[PDB]
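Structure first, commentary second.
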Amino acid sequence: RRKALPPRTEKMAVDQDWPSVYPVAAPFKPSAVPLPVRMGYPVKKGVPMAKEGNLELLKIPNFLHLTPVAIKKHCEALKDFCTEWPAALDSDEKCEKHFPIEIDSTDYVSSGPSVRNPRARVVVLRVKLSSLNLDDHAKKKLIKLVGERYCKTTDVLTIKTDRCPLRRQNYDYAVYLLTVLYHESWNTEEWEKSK
Amino acid sequence: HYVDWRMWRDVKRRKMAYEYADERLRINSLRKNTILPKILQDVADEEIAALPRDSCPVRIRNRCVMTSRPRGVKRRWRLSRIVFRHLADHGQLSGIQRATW
Amino acid sequence: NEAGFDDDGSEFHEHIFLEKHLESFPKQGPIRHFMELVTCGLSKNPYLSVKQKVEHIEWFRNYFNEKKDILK
Amino acid sequence: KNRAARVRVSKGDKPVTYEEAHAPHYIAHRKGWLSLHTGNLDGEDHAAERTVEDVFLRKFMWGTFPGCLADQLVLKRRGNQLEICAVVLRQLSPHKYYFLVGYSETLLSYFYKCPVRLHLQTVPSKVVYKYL
Amino acid sequence: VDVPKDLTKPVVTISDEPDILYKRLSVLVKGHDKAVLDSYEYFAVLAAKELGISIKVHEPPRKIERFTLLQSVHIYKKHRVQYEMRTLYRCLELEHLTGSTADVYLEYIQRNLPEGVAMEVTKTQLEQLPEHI
Amino acid sequence: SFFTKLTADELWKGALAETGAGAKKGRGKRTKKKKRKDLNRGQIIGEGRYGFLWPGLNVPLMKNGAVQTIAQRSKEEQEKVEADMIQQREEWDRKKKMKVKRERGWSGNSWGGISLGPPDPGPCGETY
Amino acid sequence: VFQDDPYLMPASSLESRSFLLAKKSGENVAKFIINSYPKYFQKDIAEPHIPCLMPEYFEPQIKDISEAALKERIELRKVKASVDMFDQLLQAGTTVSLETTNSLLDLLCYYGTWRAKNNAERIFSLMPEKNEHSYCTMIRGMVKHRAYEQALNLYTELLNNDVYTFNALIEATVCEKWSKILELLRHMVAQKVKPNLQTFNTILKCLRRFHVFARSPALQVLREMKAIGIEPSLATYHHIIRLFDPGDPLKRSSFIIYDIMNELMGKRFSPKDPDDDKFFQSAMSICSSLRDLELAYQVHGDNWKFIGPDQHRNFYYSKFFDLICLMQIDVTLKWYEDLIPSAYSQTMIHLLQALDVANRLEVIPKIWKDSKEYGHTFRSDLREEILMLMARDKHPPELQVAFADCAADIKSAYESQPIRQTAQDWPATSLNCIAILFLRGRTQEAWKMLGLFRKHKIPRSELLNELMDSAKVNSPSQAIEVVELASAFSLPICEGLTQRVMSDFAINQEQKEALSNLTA
Amino acid sequence: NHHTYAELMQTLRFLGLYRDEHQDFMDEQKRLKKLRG
Amino acid sequence: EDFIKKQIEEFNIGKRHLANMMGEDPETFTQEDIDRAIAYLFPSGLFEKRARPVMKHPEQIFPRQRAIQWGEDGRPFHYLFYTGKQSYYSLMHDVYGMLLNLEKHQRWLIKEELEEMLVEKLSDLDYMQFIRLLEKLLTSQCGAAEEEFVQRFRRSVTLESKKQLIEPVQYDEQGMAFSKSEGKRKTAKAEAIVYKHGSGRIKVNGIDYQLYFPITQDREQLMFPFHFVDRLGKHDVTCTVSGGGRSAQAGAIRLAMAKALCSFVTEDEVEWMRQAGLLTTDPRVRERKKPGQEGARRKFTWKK
RNA sequence: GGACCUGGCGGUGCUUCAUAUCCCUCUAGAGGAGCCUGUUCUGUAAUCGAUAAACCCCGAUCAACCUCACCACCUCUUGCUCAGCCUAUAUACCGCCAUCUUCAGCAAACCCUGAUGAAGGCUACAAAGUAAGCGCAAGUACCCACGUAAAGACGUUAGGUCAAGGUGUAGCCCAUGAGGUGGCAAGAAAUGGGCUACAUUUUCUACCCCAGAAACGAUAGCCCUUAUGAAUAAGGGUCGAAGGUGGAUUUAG
Ligand SMILES: [Mg+2]
Ligand SMILES: [Mg+2]
Ligand SMILES: [Mg+2]
Ligand SMILES: [Mg+2]
Ligand SMILES: [Mg+2]
Ligand SMILES: [Mg+2]
Ligand SMILES: [Mg+2]
Ligand SMILES: [Mg+2]
Ligand SMILES: [Mg+2]
Ligand SMILES: [Mg+2]
């Protein structure tokens with residue numbers, strides 16, 4: 001009984017705001033899309049399936065949104081919000097001089113309602129001992145204590161922390177461990193002096 | 001409305017093993033410890049022997065979710081091989097193809 | 001990955017340092033050995049929280065106190 | 001002889017769709033996956049849950065939109081969001097279509113505690129790729 | 001003809017605290033379709049260059065995990081079928097990047113994900129020394 | 001279980017057993033043949049045990065220019081609708097199963113005196 | 001909110017209303033199923049716990065007078081409160097807390113009619129301890145749910161012993177009363193309440209209708225509002241704009257209010273009054289009477305939420321497009337062709353007459369096609385209008401093809417509906433222009449269509465002209481078998497045939513000429 | 001829990017929204033069997 | 001038929017739409033732009049381009065079909081219509097006429113190409129006899145008209161290189177000339193730099209071959225290139241390796257040494273090396289094991 | 001009973017072939033001994049099924065207890081199930097596959113021939129075939145265009161599978177259903193597939209290849225240790241035989 005109006009293809013003009021008609025990620029909706037894009041294995045004496053009943057367009061991911069024009073628009077909008085990097089910091093040596101203590105965490109992101117995942121707790125940190133210890137006795141002491149967390153080829157000590165589930169807990173525990181390690185390498189023992 | 005009575009039994013076993021999980025681990029540690037008194041290890045053995053059945057994690061089995069098939073199941077997907085091959089051929093799940101390597 | 005579930009503002013030292021929870025036994029006995037190893041494993045384990053760890057501790061305390069008849 | 005997700009050849013009076021016409025070894029060669037999630041990829045988990053919820057909602061909406069569909073579903077899970085995509089026929093009324101859409105959306109949301117949206121494409125009669 | 005007069009701009013506040021400086025943002029996108037990954041990384045690098053930041057690119061190898069099941073049900077051990085998951089990696093490295101820039105860029109990209117992709121971030125931040133040491 | 005359930009066309013296939021051994025060789029069957037049935041067309045999407053009135057699909061959405069809401073079908077109305085569905089299915093099955101009277105020609109079970117109607121129309125168009 | 005495909009595309013206001021109402025009904029059905037079977041959705045699979053998604057619990061607990069009283073304000077009903085008052089007065093005879101009694105009275109006054117009478121006469125048994133809060137809430141209830149003498153008695157009692165309490169009291173007093181209004185205002189301003197001007201808004205609502213002797217004092221009252229400096233001029237301003245309603249437009253006050261609302265638009269708005277929904281609708285109602293285009297543009301951040309109901313949105317858009325049509329109209333049709341899919345008979349009539357006065361003939365076809373595509377079917381008022389306006393024209397020779405096409409579509413729509421009986425009187429009214437346009441290339445169609453028309457008649461002068469032009473545009477017999485028959489039918493075709501028969505018609509055969517002579 | 005799944009879907013069928021063709025077939029053959037004894 | 005023009009104009013409209021979308025001058029616009037745009041907007045892991053999404057010119061999408069061969073009524077346009085092979089036979093008739101005309105005066109084209117140039121299916125035998133007509137025509141003299149007629153069908157031979165490429169020499173500090181090359185294998189990848197002025201010792205990962213290869217056949221393989229060239233003790237080489245198999249790394253070194261020596265050595269001697277067959281990566285690698293059998297090729301015992 | 005059409009068959013003729021297949025040929029193996037694991041058979045109260053090609057480390061990419069479906073004993077009766085059933089029927093089936101296939105044919109819709117019969121339709125310097133569609137093929141996957149995989153139609157074996165699951169029919173529906181203790185799963189014997197060695201290309205020692213010694217062999221048995229479990233596996237000491245390179249026949253490349 002009811003009949004559907006013809007699609008918006010002939011209605012849409014050549015001058016048109018594609019970023020406005022497809023701002024976010026969404027399905028293909030050939031009724032709204034004017035392009036004759038077809039996709040499918042053509043049959044002998046045939047051609048691919050027409051865009052209307054071609055659900056493979058929907059099977060595949062969609063990237064009609066996020067065109068170069070939309071990207072330029074969003075970057076022009078968001079450059080007001082982004083900040084500037086210190087021009088003085090323009091080299092790895094300079095950045096590690098300003099802040100030798102490197103620290104990095106990491107976490108995956110996955111599709112689905114649940115978001116927690118134990119690997120979120122991982123964290124590690126790195127620092128070169130060539131400038132931090134300022135002494136030799138404690139240097140020998142701590143390099144003897146640590147088993148393999150050092151690397152002299154690169155001249156950096158690196159340590160991992162996962163004993164705590166929370167990233168901030170891992171961070172605080174690593175900081176406390178480093179502090180106590182320095183404080184305990186400062187001093188020594190008599191059985192340690194006898195070698 | 002589980003698939004069958006054996007699936008019902010497996011679920012009861014899993015639930016019992018969970019709700020007695022910590023206790024089983026603790027007393028098993030107290031049994032397998034070496035330095036503590038042998039009489040204490042014997043008391044712990046008696047405790048484990050007096051514990052109820054269907055509470056240990058060994059009696060359960062990694063059965064299928066749908067077909068209740070004990071064997072021929074992948075631990076990752078939890079499904080039986082038949083159903084896996086079925087819906088993979090139908091292309092229901094994602095990012096899986098035939099290995100024509 | 002932790003929008004919520006902050007472990008009730010718990011602390012790394014509250015997780016790891018159990019010396020305050022370890023008060024009702026000397027520092028040499030086999031019970032001390034066992035509970036020190038237990039605390040080591042617990043501090044190593046992040047999956048559980050200070051709550052579960054203290055329940056574990058009270059569990060062991062009560063059990064070996066009602067089996068305190070030996071002290072051998 | 002292997003029979004797997006393929007249709008027996010008839011005299012030539014059998015309308016068939018693309019996905020069930022092509023064989024299960026043309027998945028990546030000449031088809032796409034109906035569902036799209038990362039549980040299958042390495043490093044992640046919950047794949048069994050993804051698959052079971054997929055089949056559940058597929059059968060659910062198939063049985064709540066009887067006689068109207070003309071293909072399998074297409075699922076698009078972008079992070080927490082869920083997007084269903086279907087192709088149906090213009091048999092019943094838009095009233096019923098919208099009401100059932102809202103009902104299914106609400107049920108899926110309250111059940112899986114997930115933000116869900118649904119899209120459907122109308123066709124006069126189900127498309128046919130070949131006559132087998 | 002309908003063009004708004006005054007664009008509603010959200011509020012922003014420059015808190016007294018200093019923003020944290022991320023030394024290196026190394027993100028790793030895993031997918032099934034190399035074309036999807038190419039479009040995605042082109043999108044990302046173009047957005048980054050329009051934001052005004054350096055960029056590096058490299059494509060780790062394609063990994064595959066395959067396994068064999070029975071082709072039949074009851075008794076056929078000679079005849080099997082195989083299946084495989086192909087995962088494809090693409091790494092995007094950014095250097096000398098401020099914390100707020102990281103936040104805005106990662107939020108943009110995280111809203112702009114495609115469907116069949118996982119995203120693994122590694123943040124490297126440089127910090128001073130503690131006070132107790 | 002609900003997951004164990006599956007589409008009806010394969011159920012009907014497996015119940016009919018149209019092909020696999022009974023058909024081939026011409027052995028056939030001793031005059032028993034299950035007729036396919038379509039329950040999808042039988043009842044509209046509205047029918048259920050709890051007879052809730054749905055203005056979206058079951059009842060017209062507007063009445064006298066007044067919006068409707070969910071309501072209850074009492075026990076008497078529910079059993080009335082159930083009897084109506086029972087009788088309707090009965091007449092459907094009756095009209096389905098009936099006699100077939102092809103004009104007896106030379107004899108019963110003989111294709112002698114039967115006419116197939118006029119010839120078929122040609123492509124160019126020639127009604128015979 | 002609406003889908004994208006064209007079949008589900010809601011193409012009319014009433015059907016779109018019904019559609020999203022069906023969606024809301026599905027939402028309510030979802031609420032019903034979840035609150036009827038909570039245990040099914042009880043699983044908190046999602047890592048972030050969300051009470052918006054958790055099932056909803058309106059379940060009274062076990063008998064516990066104190067916890068039951070605390071749960072009263074949680075359950076939001078009246079039977080529980082009746083039962084709790086029963087349990088506390090009959091067998092217990094004690095009050096859990098004065099705050100609990102106050103909350104019970106709040107709920108019962110909000111819920112309120114013999115039922116309201118019973119609920120109000122069952123509150124005087126409450127323990128002696130009845131403070132201001134209790135008395136003024138009783139006043140609130142008796143005002144907003146029952147007559148006003150009870151509220152006045154309660155207020156006198158309170159005096160013998162708040163902002164919106166006195167607001168309700170003023171509503172009760174008001175709903176001619178010059179001294180009453182004056183003394184009310186005076187003592188209200190005398191008291192130290194310092195209202196939030198909702199009292200003023202309510203007294204304006206009551207002054208919805210009055211002559212200048214209260215319309216003009218409203219201006220000085222508003223100036224006093226501004227002097228004290230509280231009002232944003234969101235609702236009282238609009239209400240006085242409405243009270244301005246009118247035998248003669250007041251251009252001076254109109255310009256004044258134009259400047260006022262101009263600076264109000266220039267500044268940013270924040271909502272404070274629940275009655276800002278009638279603002280939009282009645283404002284545009286006054287704008288329609290005013291008839292100004294700079295005014296319409298001025299009336300045109302997130303201030304678009306105040307439209308709300310589809311009825312008010314409909315009134316606004318209707319009056320807006322009507323003013324724009326009755327204002328060149330190229331920019332108007334541009335705005336229109338821009339907003340037609342977003343936007344939703346009278347508007348199209350105004351469009352048709354605007355296009356007529358503009359003389360832009362080529363545009364009307366597309367507009368009719370759009371209306372037909374959306375919902376223009378089974379009604380011939382607009383068909384008659386478009387046909388008359390388009391065939392008053394014949395000046396485009398090449399456009400006669402489009403004339404024939406749109407005429408054929410109009411007839412395809414006209415003849416759809418026999419069962420309704422409405423399509424029978426449509427040709428008698430508008431078939432003449434349709435057949436003229438069909439005549440203006442194809443001619444046999446118009447010939448047989450006029451045949452059907454006359455064999456259904458109501459002849460007409462332009463019908464005579466049509467017959468004459470058709471006959472003169474080669475075939476004597478083909479022209480005769482029409483003109484002679486219509487002459488034998490009616491007299492004016494006969495007085496025209498008197499001249500038609502001169503050229504070549506009468507020479508063919510005399511039997512039809514004999515019939516003409518007999519009829520003449 | 002197939003408990004939750006099946007109970008929810010059974011309640012929803014009784015509501016009369018999800019036409020479970022499997023149960024329809026089953027109950028049809030059940031009716032026929034109880035008719036034939 | 002009018003659907004063709006419908007699709008053509010719709011394709012132009014969609015092309016303008018896409019040009020406006022991507023932000024370029026819609027007039028100047030190309031098929032490579034179209035294909036890149038549709039690839040970016042509609043990715044696909046599909047392996048076959050035929051199955052990947054395509055927005056192509058309709059004239060090239062739809063195949064050519066013979067138009068109505070007869071007017072509104074009555075006769076057909078061509079004079080062979082009542083038989084098949086109308087165009088084929090008309091062309092053969094024209095060829096026969098030209099051939100007998102030349103008589104009184106006195107690469108090839110694939111069957112599928114001929115089919116898709118015409119609007120009718122073809123047969124192997126008629127293709128063969130047509131080629132026979134062509135070749136027998138060309139055996140004799142041919143005028144300009146005949147030459148152009150034949151070249152209308154004749155296609156490009158498209159010859160290959162049949163030669164081993166040459167890498168460019170390089171120069172590094174203290175004015176040292178050299179040439180670097182890379183070799184591969186089953187599982188071994190190596191890179192070797194040949195120094196011309198140098199000679200004598202040879203390095204591999206910082207170790208000499210005499211002690212890195214205890215076995216003699218490996219060094220025999222290493223020497224085979226220089227031994228064949230006669231360039232033995234005037235040119236030295238350094239190299240780095242990453243591989244599993246000994247003989248694999250050996251062959252990789254061989255290929256890399258040859259590919260680096262090809263630069264310093266003359267072209268004729270490069271050709272001599274190619275003929276010797278030491279400049280080609282052997283494609284042979286361990287076959288896959290099949291699931292049902294015991295090895296890459298061996299099956300379980302057929303027990304009967 | 002006479003004469004024919006199609007197919008199978010021929011220890012049927014001519015011709016051309018046979019890729020690791022027919023042979024001649026090439027290599028390395030199985031039937032020798034021990035051991036691991038299945039099958040047959042014996043007994044037991046003790047599952048089930050396939051059980052030539054096209055099963056025999058097969059359902060099982062696992063059986064100490066659940067897995068278990070058997071059995072003795074002990075309990076439940078609307079019984080988690082708007083019940084349930086591993087109860088019969090794979091000769092009702094779907095679903096999934098072996099198979100000739102290491103094939104290339106299968107064919108809707110038309111036309112023609114045989115006196116308008118069963119049936120056939122092949123001659124290219126051309127005589128009735130035209131052909132939709134499927135498959136082969138092509139192309140895609142891996143390292144190529146080759147190769148390997150994948151694919152491999154119509155159908156034959158009422159081939160295997162009601163025990164993956166579901167289901168038609170026939171049955172138990174105080175049971176032929178459900179629950180919990182225990183063992184059940186050994187070998188007078190025969191056979192299959194695989195591992196070990198029977199030697200000096202060997203055995204041991206450090207490196208994996210320029211050496212030095214001997215002139216062997218246990219993944220079986222006994223004892224011990226440990227892995228996890230509440231309650232088979234790896235390692236260590238001892239035992240140091242059979243065994244002397246295979247009886248017809250036979251496998252893979
Ligand atoms: Mg187990
Ligand atoms: Mg096979
Ligand atoms: Mg008879
Ligand atoms: Mg068992
Ligand atoms: Mg049983
Ligand atoms: Mg069978
Ligand atoms: Mg194969
Ligand atoms: Mg192939
Ligand atoms: Mg059989
Ligand atoms: Mg053990």
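Every chain in the structure tokens takes a letter, A first, then B, and so on in the order presented; its residues are numbered from 1, and the ligands are numbered from 1 following the presented order.
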
Write out as a Markdown table a residue-level contact list of chain J versus ligand 1 with cut-off 10 Å: for each qualifying residue the closest pair of atoms and the distance in Å to one decimal, counting only C-alpha atoms (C1' of nucleotides) and all ligand atoms, rows sorted by chain and residue number upward.
```
| residue | atom | partner | partner_atom_place_in_ligand_line | distance |
| --- | --- | --- | --- | --- |
| J:62 | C1' | ligand 1 | 1 (Mg) | 9.8 |
| J:65 | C1' | ligand 1 | 1 (Mg) | 10.0 |
| J:66 | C1' | ligand 1 | 1 (Mg) | 7.9 |
| J:67 | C1' | ligand 1 | 1 (Mg) | 7.3 |
```

Those same residues, written as a PDB file, in the first residue's frame with N, CA, C and O atoms (P, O5', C5', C4', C3', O3' and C1' of nucleotides)?
```pdb
ATOM      1  P     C J  62      40.640 -32.862  23.461  1.00  0.00           P
ATOM      2  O5'   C J  62      40.594 -34.395  23.890  1.00  0.00           O
ATOM      3  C5'   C J  62      41.723 -35.013  24.502  1.00  0.00           C
ATOM      4  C4'   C J  62      41.373 -36.339  25.132  1.00  0.00           C
ATOM      5  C3'   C J  62      41.004 -36.275  26.611  1.00  0.00           C
ATOM      6  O3'   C J  62      40.030 -37.270  26.922  1.00  0.00           O
ATOM      7  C1'   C J  62      42.910 -37.637  26.337  1.00  0.00           C
ATOM      8  P     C J  65      38.489 -42.083  36.685  1.00  0.00           P
ATOM      9  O5'   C J  65      37.860 -41.291  37.914  1.00  0.00           O
ATOM     10  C5'   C J  65      37.301 -41.984  39.019  1.00  0.00           C
ATOM     11  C4'   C J  65      36.848 -41.025  40.089  1.00  0.00           C
ATOM     12  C3'   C J  65      35.942 -39.897  39.615  1.00  0.00           C
ATOM     13  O3'   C J  65      34.581 -40.282  39.540  1.00  0.00           O
ATOM     14  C1'   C J  65      37.699 -38.995  40.902  1.00  0.00           C
ATOM     15  P     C J  66      33.848 -40.383  38.114  1.00  0.00           P
ATOM     16  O5'   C J  66      33.411 -38.885  37.798  1.00  0.00           O
ATOM     17  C5'   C J  66      32.283 -38.305  38.437  1.00  0.00           C
ATOM     18  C4'   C J  66      31.972 -36.938  37.882  1.00  0.00           C
ATOM     19  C3'   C J  66      31.834 -36.849  36.371  1.00  0.00           C
ATOM     20  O3'   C J  66      30.559 -37.249  35.900  1.00  0.00           O
ATOM     21  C1'   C J  66      33.224 -35.096  37.144  1.00  0.00           C
ATOM     22  P     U J  67      30.000 -36.680  34.504  1.00  0.00           P
ATOM     23  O5'   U J  67      31.263 -36.703  33.533  1.00  0.00           O
ATOM     24  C5'   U J  67      31.378 -35.772  32.465  1.00  0.00           C
ATOM     25  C4'   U J  67      32.468 -36.163  31.499  1.00  0.00           C
ATOM     26  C3'   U J  67      32.514 -37.635  31.104  1.00  0.00           C
ATOM     27  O3'   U J  67      31.742 -37.901  29.940  1.00  0.00           O
ATOM     28  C1'   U J  67      34.688 -36.872  31.755  1.00  0.00           C
TER      29        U J  67
END
```

*Compute the set of chain E residues within 7 Å of chain D, using only C-alpha atoms, and express it as a list in words.*
residues 87, 113, 114, 115, 116, 117 and 118 of chain E

Any chance you can output those residues with N, CA, C and O atoms as a PDB file, in the first residue's frame?
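Wrote result_16.pdb, looks like this:
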```pdb
ATOM      1  N   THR E  87      46.467 -10.738  12.118  1.00  0.00           N
ATOM      2  CA  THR E  87      46.521  -9.428  12.746  1.00  0.00           C
ATOM      3  C   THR E  87      47.637  -8.603  12.117  1.00  0.00           C
ATOM      4  O   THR E  87      48.735  -9.109  11.851  1.00  0.00           O
ATOM      5  N   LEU E 113      37.806   6.065  16.192  1.00  0.00           N
ATOM      6  CA  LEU E 113      38.137   4.681  15.856  1.00  0.00           C
ATOM      7  C   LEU E 113      37.266   4.137  14.732  1.00  0.00           C
ATOM      8  O   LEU E 113      36.101   4.531  14.592  1.00  0.00           O
ATOM      9  N   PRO E 114      37.799   3.234  13.916  1.00  0.00           N
ATOM     10  CA  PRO E 114      36.935   2.317  13.167  1.00  0.00           C
ATOM     11  C   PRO E 114      36.521   1.144  14.039  1.00  0.00           C
ATOM     12  O   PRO E 114      36.814   1.132  15.240  1.00  0.00           O
ATOM     13  N   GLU E 115      35.845   0.154  13.461  1.00  0.00           N
ATOM     14  CA  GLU E 115      35.254  -0.908  14.267  1.00  0.00           C
ATOM     15  C   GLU E 115      36.277  -1.975  14.639  1.00  0.00           C
ATOM     16  O   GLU E 115      36.587  -2.171  15.819  1.00  0.00           O
ATOM     17  N   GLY E 116      36.812  -2.673  13.644  1.00  0.00           N
ATOM     18  CA  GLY E 116      37.699  -3.790  13.898  1.00  0.00           C
ATOM     19  C   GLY E 116      39.134  -3.390  14.155  1.00  0.00           C
ATOM     20  O   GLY E 116      40.027  -3.762  13.387  1.00  0.00           O
ATOM     21  N   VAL E 117      39.379  -2.635  15.221  1.00  0.00           N
ATOM     22  CA  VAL E 117      40.728  -2.182  15.537  1.00  0.00           C
ATOM     23  C   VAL E 117      40.898  -2.119  17.047  1.00  0.00           C
ATOM     24  O   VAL E 117      39.977  -1.747  17.778  1.00  0.00           O
ATOM     25  N   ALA E 118      42.091  -2.484  17.500  1.00  0.00           N
ATOM     26  CA  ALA E 118      42.532  -2.269  18.867  1.00  0.00           C
ATOM     27  C   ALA E 118      43.657  -1.243  18.866  1.00  0.00           C
ATOM     28  O   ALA E 118      44.386  -1.106  17.880  1.00  0.00           O
TER      29      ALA E 118
END
```

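All of the residues in chain H within 12 Å of chain G are residues 1, 2, 3, 4, 5, 6, 7, 8, 9, 11, 12, 15 and 17 of chain H, where only C-alpha atoms were counted.
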
Take the residues that were just selected and, keeping N, CA, C and O atoms, output them as a short mmCIF file (atom, residue, chain, number, x, y, z; two decimals), in the first residue's frame.
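Listed below is the output, part_31.cif:
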```
data_model
loop_
_atom_site.label_atom_id
_atom_site.label_comp_id
_atom_site.auth_asym_id
_atom_site.auth_seq_id
_atom_site.Cartn_x
_atom_site.Cartn_y
_atom_site.Cartn_z
N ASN H 1 23.90 -17.50 32.41
CA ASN H 1 22.85 -18.39 32.89
C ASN H 1 21.77 -18.55 31.82
O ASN H 1 20.98 -17.63 31.55
N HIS H 2 21.73 -19.74 31.22
CA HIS H 2 20.58 -20.11 30.41
C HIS H 2 19.30 -19.99 31.21
O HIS H 2 18.23 -19.80 30.62
N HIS H 3 19.37 -20.09 32.54
CA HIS H 3 18.21 -19.79 33.37
C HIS H 3 17.65 -18.42 33.02
O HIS H 3 16.50 -18.29 32.59
N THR H 4 18.46 -17.37 33.20
CA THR H 4 18.01 -16.03 32.88
C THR H 4 17.58 -15.93 31.42
O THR H 4 16.50 -15.42 31.12
N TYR H 5 18.42 -16.42 30.50
CA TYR H 5 18.09 -16.30 29.09
C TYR H 5 16.71 -16.88 28.78
O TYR H 5 15.81 -16.19 28.29
N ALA H 6 16.53 -18.17 29.08
CA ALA H 6 15.31 -18.87 28.70
C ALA H 6 14.11 -18.34 29.46
O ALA H 6 13.02 -18.24 28.89
N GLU H 7 14.26 -18.01 30.74
CA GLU H 7 13.14 -17.47 31.49
C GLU H 7 12.69 -16.14 30.90
O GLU H 7 11.49 -15.91 30.71
N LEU H 8 13.64 -15.26 30.59
CA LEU H 8 13.29 -13.98 29.99
C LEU H 8 12.58 -14.18 28.66
O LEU H 8 11.56 -13.55 28.38
N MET H 9 13.11 -15.08 27.82
CA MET H 9 12.51 -15.24 26.50
C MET H 9 11.15 -15.93 26.58
O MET H 9 10.27 -15.64 25.77
N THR H 11 9.02 -15.58 29.18
CA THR H 11 8.13 -14.50 29.61
C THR H 11 7.81 -13.57 28.45
O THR H 11 6.67 -13.13 28.30
N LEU H 12 8.79 -13.30 27.59
CA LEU H 12 8.56 -12.38 26.49
C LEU H 12 7.65 -13.00 25.44
O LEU H 12 6.81 -12.31 24.84
N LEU H 15 4.29 -12.72 26.74
CA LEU H 15 3.90 -11.36 26.38
C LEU H 15 3.40 -11.31 24.95
O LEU H 15 2.47 -10.56 24.63
N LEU H 17 5.65 -11.24 21.85
CA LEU H 17 6.49 -10.39 21.01
C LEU H 17 7.53 -11.16 20.22
O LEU H 17 7.75 -10.86 19.04
#
```

*Set the cut-off to 12 Å, count only C-alpha atoms (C1' of nucleotides) and all ligand atoms, and list whatever residues fall near ligand 9 as a ChimeraX atom specification.*
/F:20-21 /J:50,90-91,157-161

*Please, which residues have at least one atom within 10 Å of an atom of ligand 10, using only C-alpha atoms (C1' of nucleotides) and all ligand atoms, listed as a PyMOL selection string?*
chain J and resi 64+227-233

*Cut-off 8 Å, only C-alpha atoms (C1' of nucleotides) and all ligand atoms, neighbours of ligand 3 as an MDAnalysis selection string*: chainID F and resid 107:109

Residue subset to file, keeping N, CA, C and O atoms, as a compact mmCIF listing (two decimals), in the first residue's frame:
```txt
# COMPACT_ATOMS: atom_id res chain seq x y z
N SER F 107 -10.69 -43.41 -17.05
CA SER F 107 -10.83 -44.18 -15.82
C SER F 107 -10.06 -43.45 -14.72
O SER F 107 -9.30 -42.51 -14.98
N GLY F 108 -10.26 -43.90 -13.49
CA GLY F 108 -9.48 -43.38 -12.39
C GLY F 108 -8.02 -43.80 -12.50
O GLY F 108 -7.69 -44.85 -13.03
N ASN F 109 -7.14 -42.94 -11.99
CA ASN F 109 -5.70 -43.17 -12.08
C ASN F 109 -5.26 -43.38 -13.52
O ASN F 109 -4.35 -44.17 -13.80
```

_segment 18-31 of chain E environment, 7 Å, only C-alpha atoms (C1' of nucleotides), sequence neighbours closer than 5 positions dropped, as JSON, numbers by chain_ = {"E": [37, 87, 88, 89, 90, 91, 92, 93, 94, 95, 96, 97, 98, 99, 116, 117, 118, 119, 120, 121, 122, 123, 124, 125, 126]}
